[PDB]
*Asks:* 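Below is one structure. I have some questions about it.
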Amino acid sequence: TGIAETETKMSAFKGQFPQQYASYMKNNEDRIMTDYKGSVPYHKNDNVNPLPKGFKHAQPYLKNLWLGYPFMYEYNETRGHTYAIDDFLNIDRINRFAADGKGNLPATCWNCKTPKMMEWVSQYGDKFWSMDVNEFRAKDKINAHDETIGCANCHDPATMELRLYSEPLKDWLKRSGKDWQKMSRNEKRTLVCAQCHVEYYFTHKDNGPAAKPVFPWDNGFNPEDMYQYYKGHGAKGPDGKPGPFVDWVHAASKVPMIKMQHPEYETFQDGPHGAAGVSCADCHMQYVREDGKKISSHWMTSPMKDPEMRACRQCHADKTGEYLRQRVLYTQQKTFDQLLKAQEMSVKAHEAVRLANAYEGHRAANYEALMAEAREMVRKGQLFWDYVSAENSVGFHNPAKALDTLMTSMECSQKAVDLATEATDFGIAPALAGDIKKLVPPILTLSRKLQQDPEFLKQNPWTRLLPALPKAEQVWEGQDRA
Amino acid sequence: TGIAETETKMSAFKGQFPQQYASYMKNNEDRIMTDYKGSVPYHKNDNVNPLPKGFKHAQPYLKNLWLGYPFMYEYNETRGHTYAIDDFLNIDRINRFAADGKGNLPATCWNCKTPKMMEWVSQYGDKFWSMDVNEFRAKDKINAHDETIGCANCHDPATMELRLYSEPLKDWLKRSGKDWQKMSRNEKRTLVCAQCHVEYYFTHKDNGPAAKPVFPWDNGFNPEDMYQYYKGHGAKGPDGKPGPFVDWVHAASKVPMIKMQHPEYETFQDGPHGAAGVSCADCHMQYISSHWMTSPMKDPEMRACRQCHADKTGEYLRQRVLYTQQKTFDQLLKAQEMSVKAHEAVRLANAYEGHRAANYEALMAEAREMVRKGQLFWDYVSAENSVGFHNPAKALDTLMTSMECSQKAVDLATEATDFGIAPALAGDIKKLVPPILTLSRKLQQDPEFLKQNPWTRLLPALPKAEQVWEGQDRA
Ligand code: HEC
Ligand code: HEC
Ligand code: HEC
Ligand code: HEC
Ligand code: HEC
Ligand code: HEC
Ligand code: HEC
Ligand code: HEC
Ligand code: HEC
Ligand code: HEC
Ligand SMILES: [Ca+2]
Ligand SMILES: [Ca+2]
Ligand SMILES: [Ca+2]
Ligand SMILES: [Ca+2]
Ligand SMILES: [Cl-]
Ligand SMILES: [Cl-]
Ligand SMILES: [Cl-]
Ligand SMILES: [Cl-]
Ligand SMILES: [Zn+2]
Ligand SMILES: [Zn+2]
């Protein structure tokens, strides 16, 4: 093709690739829900209101578990790639109420949202990352419709060969001694998704260019590996050694936490399909026959939307769609039910540490050592459930790891409850005895605008721990500065 | 063939079936251990001693968890079918120290160990079940080598067609409206193993012929199903209503327990293979049909798997098995630890002398139930011989629920004492309740031995008595 190697416009590909383009346009369907997933952007913590506000399979405790982090404001089920920027610009996680108009998040937040990344990294280099996210938000900076996730994110425009635009994934391949050119078509059919559907973190300024994205894979891809990995890479001590990494300090328990984000690749690669050489594209980009021929479907969505499960039957030819669906649900039902329980246990763990920190009664002689261990268990337990929760398959990508991970999560949280309780000489035991939902009610609603209202914050024991934000008018709506 | 319809002597088949016979003799290999299984009968709770006594992947807490039940005496890894009787007659679970020479276990214990069952049931009818196990133990009653599990257990001797000898399995098929003659060859290739590789219980006399074996499947095959099933079928109260079934009362916690035994069928049937119509025989009796029924992991090339998984190497298949087993084994040990803590919490609460909570009795009743349920759940996984592989998701989900139940028991019992016992339960459970490495019927005769461990100390000393049975020999 004659399309520019750096083309950011999806529309530039339509004329020469009408079939793949029209298929990619189906990502605009945001009306169908499946049993646990789907394309309606409901609030992931809302199991009270019906669709599309909430959902029967929402996670009630999310806001509590992320108290003090932007995810306490908004976090929704995902839509197709065509809406990435729209959703990016609607999310309350990015500050829209600051006078200077700053989002209070790094420009790195654009990293997995647009092909424009190539041009921005070319222009700004290492310095792009820590610029404010909202410095690239106006209509003259990005076209939400045409420059959202598109063809140039996975294809070399000139040859249409599979190509990585991703700096952090390229960093990883470089670090691990891998080489794109020597990789199989098969491996590439997974790696293009691994540019974005992974857990990541923002570089601390003591260790490299501020906010440069990193995939924390050096210790391995499992939750335990990541937990071990995150014992380093944080801020340096007066003595220069990087301490443990910290995404935020929980506003209730004051525990230094790690946030997990969509670890699809890490979860799937050692699962029953991933370990066998099956690629993301095999299930999510099935060959389909449309208008005279066989194309790679570019509708990247839930395979459960198709009652016949065609995308599975090129390998599971002897199975009916219903059978395959039931085997998916066989795992998801179990994973979802246990996840909710690991989440309650995590909340109780946070509450135990919070109660112990506030405990005025006589303490155990080894109080400080007990609390230090309790905090670490809160952090570890949460990293583990989040690793499963944040992952979009609800256990199907890797059933055994999901369930094993949830079980370890709960064990860690329970250990935090036990240690913190012992630290107070069991003074806080009675309180921790009830329904955790009574002591720490799930936070259904919480937004940047609401956090401006003291009388709102008082309505829940945990929101009560947040500071009131300055009374302020909304300054950004979508791409309009106001 | 001319072979008699209830021929019990395996050797009667050697002549017309040398190939299958020699293949079945391969079950005599009892030397190889795999990563988690194998054919060396090591003591399943012993992770201290060398093979063939212990193993690095043993379950340290078993004796504690079965305190008050024969399984506290001996429980070993399994050997091939050819040794069923030998192992049956060596086990300390059956009493060998009684003057009258009784084993103190029902003859039903023979049910899944010999074809002679057909003749015995024909001779005694339902009176057979409750007779003492040792009434059929002498050489003149059974040939340990020729009449152990054999050809007649799965084959109609005359035609060699697949056939069920099992009363309990036939009972089930009859109850559930199923019919052998209308069943697929495929389904039969699983059912012959389901005659024995399942969870079962002994009928309480109030509800049917004493000790008749039943497969508790009416509520479904899952652990929750069985737990619900066992809310009934126990002893009747004055109004004739059967109470909850109980296998034994835990000697420490005094909780009425349910024992799970080798639920291979129940576990595997809704797993990734079982749900897909794959049979036990497909993996364990690879194509003649190999009659070596053992661990498929003994074969580095995993031949038995590659007629379906042709594009995979043996190493790959092995790693995928281990991917599940290692996770299942690690979590099991933890569920077991939590179960011990739950028993100990209920025990400490029962003994508690301090201020009780006003709703003590209701809290304890729920705590006990949770001990019982938690244990049924881990045992369902532990007792099963695949260490998670037959059904990875159910195994792990089941272990997680088990732990949840046990933790609930700890919480309820603790709350019942107004938290007076909380400090006592805070440490390493292995310190407060040390694993019982060694315990036998002979040792339980010695008070000084019993004092060596806080839980064996809760057992009564058995009468000083000489051993009366060894193998099939009286003494
Ligand atoms: C790749 C390494 C990414 C980084 C860096 C950021 N995001 Fe992301 N984002 C990514 C994926 C693969 C997905 C879909 C999967 C999922 O579970 O969300 C998303 C999704 C979003 C969304 C929509 C869903 C929601 O969270 O409500 C938003 C609003 C979003 N992302 C914003 C966002 C922000 C603020 C980031 C910086 C902190 C950020 N993304 C980084 C991939 C990646
Ligand atoms: C990653 C998220 C992709 C996006 C964005 C786009 N494409 Fe794609 N494409 C992707 C994969 C993994 C594959 C399979 C390649 C293989 O060798 O198996 C493809 C394939 C194509 C092809 C080749 C013909 C076919 O198999 O259909 C074409 C012509 C193509 N894709 C076009 C295309 C267009 C026009 C896109 C923007 C609208 C586009 N792709 C985005 C991965 C991804
Ligand atoms: C960054 C450049 C990405 C690449 C490369 C891939 N994905 Fe993605 N995906 C990304 C984001 C930010 C989002 C959220 C968009 C939003 O507006 O919420 C998604 C979403 C998905 C979904 C859900 C779509 C739905 O209908 O619900 C799926 C199923 C999905 N992504 C899959 C997927 C696959 C298979 C990819 C490789 C071929 C892939 N994505 C690449 C970000 C990016
Ligand atoms: C087949 C065995 C699959 C492979 C290989 C991959 N995915 Fe998957 N994915 C699959 C199923 C059956 C589901 C559940 C769908 C449902 O409705 O429950 C998923 C889920 C996802 C999602 C979430 C979809 C949504 O509605 O937002 C995403 C984002 C996703 N998968 C991405 C993804 C990636 C990155 C993969 C390679 C690393 C991958 N999938 C492989 C089936 C299969
Ligand atoms: C080939 C590229 C495949 C596609 C497309 C799908 N599956 Fe698959 N599946 C495949 C392999 C190689 C395996 C492991 C067995 C092996 O030979 O190594 C599987 C396994 C499963 C299972 C069993 C595991 C479980 O979770 O119970 C299920 C239920 C399953 N696959 C379902 C499934 C679905 C829903 C798919 C479409 C979305 C699908 N498979 C596609 C190979 C391939
Ligand atoms: C079928 C319904 C059976 C009943 C009734 C009894 N046993 Fe069993 N036994 C059965 C199987 C499928 C196996 C091998 C699988 C396993 O996990 O053990 C066994 C094994 C034994 C063994 C050897 C292993 C051991 O426990 O050390 C012994 C000593 C044994 N069985 C004895 C025994 C007793 C005493 C029974 C009555 C209480 C009994 N069996 C019943 C199948 C079945
Ligand atoms: C169950 C535990 C069995 C024992 C004990 C014996 N056999 Fe078997 N046999 C069994 C199965 C599940 C099958 C497969 C049947 C099918 O239709 O697929 C067989 C098969 C045979 C055959 C048929 C030829 C073959 O496929 O090998 C023969 C001749 C045979 N078995 C003989 C045989 C002998 C001699 C046994 C005692 C030593 C014996 N079987 C025991 C199940 C079981
Ligand atoms: C009762 C009549 C049984 C039938 C029918 C089946 N099995 Fe069995 N099996 C049974 C017992 C009592 C034992 C333990 C024997 C001992 O001395 O410990 C076993 C053992 C096994 C083993 C383990 C053998 C090893 O090498 O470790 C396996 C793998 C096994 N059994 C499988 C199996 C299969 C596949 C069956 C159906 C075809 C089957 N058994 C039937 C009791 C009985
Ligand atoms: C293939 C997918 C299998 C099916 C179908 C059945 N079994 Fe299985 N079994 C399989 C594996 C890979 C293992 C683990 C072996 C190891 O060494 O870890 C097992 C294990 C068993 C055992 C224990 C073996 C031992 O050493 O004692 C038994 C007794 C057993 N399996 C019995 C059994 C039954 C009754 C089945 C049908 C219901 C069955 N297996 C199916 C592989 C597969
Ligand atoms: C046909 C009769 C099979 C034999 C023999 C074995 N497997 Fe299998 N396997 C089979 C099916 C139908 C499936 C589910 C996929 C589907 O099409 O529905 C599987 C799945 C697996 C998996 C993935 C699940 C997991 O536990 O990770 C594995 C790892 C697997 N099978 C391994 C395996 C082994 C070790 C076998 C020999 C002992 C074996 N399979 C035999 C079909 C059949
Ligand atoms: Ca979605
Ligand atoms: Ca992260
Ligand atoms: Ca064995
Ligand atoms: Ca039982
Ligand atoms: Cl954020
Ligand atoms: Cl090991
Ligand atoms: Cl017993
Ligand atoms: Cl008190
Ligand atoms: Zn080991
Ligand atoms: Zn009191």
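Just so it is clear: chains get the letters A, B, ... in the order the sequence lines come, proteins before strands, and each one is counted from 1. For the numbers below, each heavy atom of this structure counts, side chains included, while hydrogens, waters and symmetry mates do not.
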*Asks:* Determine yes or no for a side-chain-to-main-chain donor-acceptor pair under 3.5 angstrom, with B/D126 supplying the side chain and B/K212 the backbone.
*Replies:* no
*Asks:* Please confirm whether the backbone N or O of B/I142 pairs with a side-chain atom of B/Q472, one donor and one acceptor, at under 3.5 Å?
*Replies:* yes
*Asks:* Tell me whether the rings of B/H145 and B/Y83 are parallel (<30°), tilted (30 to 60°) or perpendicular (>60°).
*Replies:* perpendicular
*Asks:* On the 0 to 90° scale, with breaks at 30° and 60°, tag the B/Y124-B/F136 ring pair as parallel, tilted or perpendicular.
*Replies:* perpendicular
*Asks:* Looking at the rings of B/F17 and B/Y24, which for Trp means the six-membered one, are their centres under 6.0 Å apart?
*Replies:* no
*Asks:* For B/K14, look at atom NZ and say whether over 12 heavy atoms of other residues, nucleotides or ligands are found less than 6.0 Å away.
*Replies:* no
*Asks:* Flag the pair B/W217 / B/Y265 as yes when their ring centroid distance falls below 6.0 Å, and as no otherwise.
*Replies:* yes
*Asks:* Taking the side chain as every heavy atom from C-beta outward, state whether B/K44 and B/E74 have any atom pair closer than 4.5 Å.
*Replies:* no
*Asks:* Side chains of B/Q326 and B/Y36, heavy atoms from C-beta outward: is any pair under 4.5 Å?
*Replies:* yes
*Asks:* Would you check if the side chain of B/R137 reaches a backbone N or O of B/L89 as a donor-acceptor pair within less than 3.5 Å?
*Replies:* yes
*Asks:* Just do the side-chain contact (heavy atoms from CB on, under 4.5 Å) check on B/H291 and B/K26 with the steps written out, would you?
*Replies:* CA-CA 8 Å; B/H291 277 60; B/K26 282 182 79 190; over 6 Å; no
*Asks:* For the residue pair B/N385 and B/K37, confirm or rule out a side-chain donor-acceptor distance under 3.5 Å.
*Replies:* yes
*Asks:* Is the backbone of B/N104 close enough, under 3.5 Å, to the side chain of B/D132 for a donor and an acceptor to pair up by distance?
*Replies:* yes
*Asks:* What do you reckon, are the aromatic ring centroids of B/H57 and B/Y42 less than 6.0 Å apart?
*Replies:* no
*Asks:* Is there a side-chain contact (heavy atoms from CB on, under 4.5 Å) between B/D282 and B/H273 once you walk through the steps?
*Replies:* CA-CA 10 Å; B/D282 287 336; B/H273 287 92; over 6 Å; no
*Asks:* Quick check, are the ring centers of B/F245 and B/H233 under 6.0 angstrom apart?
*Replies:* no
*Asks:* Nearest 0.5 Å, what's the CD-CE distance between A/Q314 and A/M309?
*Replies:* 10.5 Å
*Asks:* I'd like to know if the side chain of B/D171 and the backbone of B/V214 have a donor-acceptor N/O pair within less than 3.5 Å.
*Replies:* no
*Asks:* Is it true that a side-chain atom of B/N28 and a backbone atom of B/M25 form a donor plus acceptor pair closer than 3.5 Å?
*Replies:* yes
*Asks:* Is the backbone N or O of B/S166 less than 3.5 Å from a side-chain atom of B/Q195, with the two atoms forming a donor-acceptor pair by type?
*Replies:* yes
*Asks:* Between B/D379 and B/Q375, is there a donor-acceptor pair closer than 3.5 Å when you use the side chain of the first and the backbone of the second?
*Replies:* no
*Asks:* Taking the six-membered ring for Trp, is the centroid-to-centroid distance between B/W110 and B/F88 below 6.0 Å?
*Replies:* yes
*Asks:* Consider only side-chain N and O atoms of B/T401 and A/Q338, and report whether a donor and an acceptor are under 3.5 Å apart.
*Replies:* yes
*Asks:* Are the side chain of B/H155 and the backbone N or O of B/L162 linked by a donor-acceptor pair below 3.5 Å?
*Replies:* no
*Asks:* Do B/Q181 and B/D179 get their side chains close enough for a donor-acceptor pair, meaning under 3.5 Å?
*Replies:* yes
*Asks:* Are there over 12 heavy-atom neighbours, none belonging to B/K241, within less than 6.0 Å of that residue's NZ?
*Replies:* no
*Asks:* Has B/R93 got a side-chain atom pairing as donor or acceptor with B/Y69's backbone, closer than 3.5 angstrom?
*Replies:* no
*Asks:* Indicate whether the side chain of B/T294 and that of B/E29 have a donor and an acceptor atom separated by less than 3.5 Å.
*Replies:* no
*Asks:* For B/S386 and B/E384, does a side-chain donor sit closer than 3.5 Å to a side-chain acceptor?
*Replies:* yes
*Asks:* Here's one to test your reading of the geometry: is the NZ or CZ of B/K259 within 45 degrees of the ring axis of B/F71 and under 6.0 Å from its centre?
*Replies:* yes
*Asks:* At their closest point, which heavy atom of B/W469 faces which heavy atom of B/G101, and how far apart are they?
*Replies:* NE1-O, 2.9 Å
*Asks:* Quick one, B/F13 with B/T1, criterion side-chain contact (heavy atoms from CB on, under 4.5 Å). Give me CA distance, side-chain angles, the key distance, then yes/no.
*Replies:* CA-CA 9 Å; B/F13 293 82; B/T1 62; over 6 Å; no
*Asks:* Do you know the tightest heavy-atom contact between B/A275 and A/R327?
*Replies:* CB-NH1, 3.6 Å
*Asks:* Checking B/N391 against A/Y330: is there a side-chain donor and acceptor pair closer than 3.5 Å?
*Replies:* yes
*Asks:* Can you see whether B/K298 engages B/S39 through a side-chain donor-acceptor pair at a distance of less than 3.5 angstrom?
*Replies:* yes
*Asks:* Examine the side chains of B/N27 and B/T82 and answer whether a donor and an acceptor come within less than 3.5 Å of each other.
*Replies:* no
*Asks:* Would you say that B/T328 contacts B/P392 through its side chain, given a criterion of any heavy-atom pair below 4.5 Å between the two side chains?
*Replies:* no
